[PDB]
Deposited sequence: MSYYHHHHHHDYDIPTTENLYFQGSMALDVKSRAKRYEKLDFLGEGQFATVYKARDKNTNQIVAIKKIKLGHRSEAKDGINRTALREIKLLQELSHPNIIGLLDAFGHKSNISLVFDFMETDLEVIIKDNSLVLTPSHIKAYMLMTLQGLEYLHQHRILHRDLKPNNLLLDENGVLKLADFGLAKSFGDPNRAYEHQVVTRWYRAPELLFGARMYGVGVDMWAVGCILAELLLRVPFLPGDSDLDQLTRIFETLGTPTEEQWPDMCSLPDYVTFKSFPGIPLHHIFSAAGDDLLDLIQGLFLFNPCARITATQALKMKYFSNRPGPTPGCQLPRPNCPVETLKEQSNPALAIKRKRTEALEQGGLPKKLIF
């Protein structure tokens, strides 16, 4: 009644474009117990790189956010675009500044993947779809457990961990970074077992030194030994500063794995070339 419905945008939920009658501004309208958890976590937060919940109303519920023009998946899949090292540095910087904020507020995203990083027409990247986000402390049930799509999913979750932390988001950011570099999914498992296969044959089956607790995980099972592939072989364009960020994000021990803040202090972010101005980031038609 306050927002002029315009164009359909998705079905998961159900999203629509709309024009607010008061300000005339363009927004996106998204239309349960976790529905309130979502509004709870979001009405709180304010960060340029986190989508901004502008309004809500009941009677299925309707979340009003700012319109976004595109997302990393679209960009990644757009052959017309060539991503430069500066482009990639920019996307990551914004992604990690948003994730550092979330984590400082003891929140896990738990569903980080390229289509959940949205971009506005000024090249501001924003984390979105907090339908799985939870406060760090909240417990994980066995049969209600919500887990990212398997290609971005961290090894501890594939081994059925119920106690976990930021490393689950940091792994997903590693898989996103790899996808920006290769322009295809990094680790495209065709099953949860095959997702681990792929992880180990790419990165090496973990030693006990690399991952002390691994064997005590609930769904731990014995895979063959794979040596893995050197990252400079996988990512042949990447400088040494980037290689070290990647390696940091893909450490098997979830407690050794690099945090958003540790990532952000990495030489990579202070080295030339600098991150593209948002207004210069590549745009699809």
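Chemist: Which parts of the deposited sequence lack C-alpha coordinates in this model? Number from residue 1, please.
Modeler: Coordinates drop out over 1-34, 47-48, 68-80, 108-109, 337-371.
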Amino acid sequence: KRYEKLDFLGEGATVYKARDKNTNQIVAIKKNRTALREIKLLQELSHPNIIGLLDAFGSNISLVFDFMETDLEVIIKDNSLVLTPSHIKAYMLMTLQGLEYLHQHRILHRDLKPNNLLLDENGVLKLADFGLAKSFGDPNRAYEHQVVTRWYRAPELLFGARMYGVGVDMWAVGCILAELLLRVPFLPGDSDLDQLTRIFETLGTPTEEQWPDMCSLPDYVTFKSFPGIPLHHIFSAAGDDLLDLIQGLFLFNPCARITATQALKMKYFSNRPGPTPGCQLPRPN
From here on, numbers count along this sequence of modelled residues.
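Chemist: Looking at the other compared entries that model residues on both sides of it, is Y143 unmodelled in at least a third of them?
Modeler: In at least a third of the comparable entries (those modelling both sides of it), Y143 has no coordinates.
Chemist: Relative to the other compared entries, is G58 without coordinates in a third or more of them?
Modeler: In at least a third of the comparable entries (those modelling both sides of it), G58 has no coordinates.
Chemist: Quick one: say whether 205-213 or 152-160 has the higher mean Cα B-factor in the deposited entry.
Modeler: In the deposited entry, the stretch with the higher C-alpha B-factor mean is 205-213.
Chemist: Tell me which stretch has the larger mean Cα B-factor in this entry, 95-103 or 193-201.
Modeler: It is 193-201 that shows the higher mean C-alpha B-factor.
Chemist: Could you say which of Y220, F235, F223, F57 has its CA atom at the highest B factor, as listed in the PDB entry?
Modeler: Max CA B-factor in the entry, restricted to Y220, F235, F223, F57: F57.
Chemist: Say you rank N24, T276, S270, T261 by Cα B-factor from the PDB entry; which sits at the top?
Modeler: Answer for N24, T276, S270, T261: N24, with the highest C-alpha B-factor.
Chemist: Lowest, middle or highest third: where is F136 by Cα B-factor in its chain?
Modeler: According to the entry, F136 has a C-alpha B-factor in the chain's middle third.
Chemist: Using the B-factor values recorded in the entry, state whether the Cα atom of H145 falls in the lowest, middle or highest third among the modelled residues of its chain.
Modeler: Its C-alpha B-factor, which the entry lists for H145, ranks in the highest third among residues of this chain.
Chemist: Based on the entry's values, in what third of the chain does the Cα temperature factor of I50 lie: lowest, middle or highest?
Modeler: For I50, whose C-alpha B-factor we compare with every modelled residue in the chain, the answer is the lowest third.
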